[PDB]
Amino acid sequence: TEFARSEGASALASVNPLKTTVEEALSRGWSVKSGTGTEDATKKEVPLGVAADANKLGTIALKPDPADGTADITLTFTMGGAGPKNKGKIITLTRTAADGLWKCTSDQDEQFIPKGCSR
């Protein structure tokens with residue numbers, strides 16, 4: 001009876017919005033850093049603005065942290081709070097620095113990978 005399908009959707013919905021946050025910072029030549037806070041004008045770092053534990057299905061992470069746009073970026077949702085099918089699975093959004101484009105890949109069982117994401 002676990003909610004494996006909606007868990008995947010919820011996990012993706014916690015990281016998908018962050019693509020916009022990342023692009024906006026990079027368009028200014030500011031870096032992005034993990035977590036919450038205020039924009040740091042000394043270092044020119046913009047926080048993602050979301051707590052790592054905002055969604056109790058798991059944890060949000062940024063790599064590299066901080067990220068300046070000159071290397072590939074990942075946003076991961078690690079489903080440590082999920083039920084048995086999804087626990088220990090990770091949804092990764094990867095922004096390739098060479099082209100500025102995003103992809104979504106997941107190590108979930110393929111039945112539960114959300115729309116737009118691949119293995």
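Just so you know, these numbers use all the heavy atoms, side chains as well, and skip hydrogens, waters and symmetry mates. The chain is numbered in sequence order, starting from 1.
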Do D72 and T96 pair up side chain to side chain, a donor and an acceptor below 3.5 Å, judged on atom types alone? no

Determine whether a donor-acceptor pair (N or O, by modelled atom type, separation under 3.5 Å) exists between the side chain of [X] and the backbone of [Y].
X    : Y    : value
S27  : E24  : yes
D107 : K89  : no
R95  : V22  : no
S106 : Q108 : yes
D99  : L101 : yes

Would [X] end up clustered with [Y] when hydrophobic side chains under 4.5 Å apart are linked, directly or stepwise?
X   : Y    : result
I90 : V15  : no
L57 : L62  : yes
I60 : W102 : yes

Using a 4.5 Å cut-off on heavy atoms from C-beta on, say whether the side chain of [Y] contacts that of [X].
X    : Y    : result
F112 : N86  : yes
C104 : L12  : yes
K103 : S118 : no
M79  : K87  : no

To the nearest 0.5 Å, what is the distance between [atom1] on [X] and [atom2] on [Y]?
X    : Y    : atom1 : atom2 : answer
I73  : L93  : CD1   : CG    : 11.5 Å
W30  : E39  : CH2   : CD    : 5.0 Å
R5   : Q111 : CZ    : CD    : 6.0 Å
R119 : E110 : CZ    : CD    : 7.0 Å
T21  : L26  : OG1   : CG    : 10.5 Å
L75  : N16  : CG    : CG    : 9.5 Å

Kindly give the heavy-atom pair with the smallest separation between [X] and [Y], and that separation in Å.
X   : Y   : value
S34 : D65 : OG-OD2, 2.7 Å
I91 : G8  : CD1-O, 3.8 Å
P84 : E2  : N-OE1, 3.2 Å
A97 : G69 : CB-O, 3.7 Å
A25 : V32 : CB-CG1, 3.5 Å
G37 : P47 : O-CG, 3.5 Å

Sorted by chain and number, sequence neighbours left out, salt bridge (charged side-chain N to carboxylate O under 4.0 Å, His left out) with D68 holds for none

Sequence neighbours excluded, which residues qualify as salt bridge (charged side-chain N to carboxylate O under 4.0 Å, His left out) partners of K115? none

Among residues at least two apart in sequence or on other chains, which ones pass side chain to side chain donor-acceptor pair (under 3.5 Å) with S14? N55

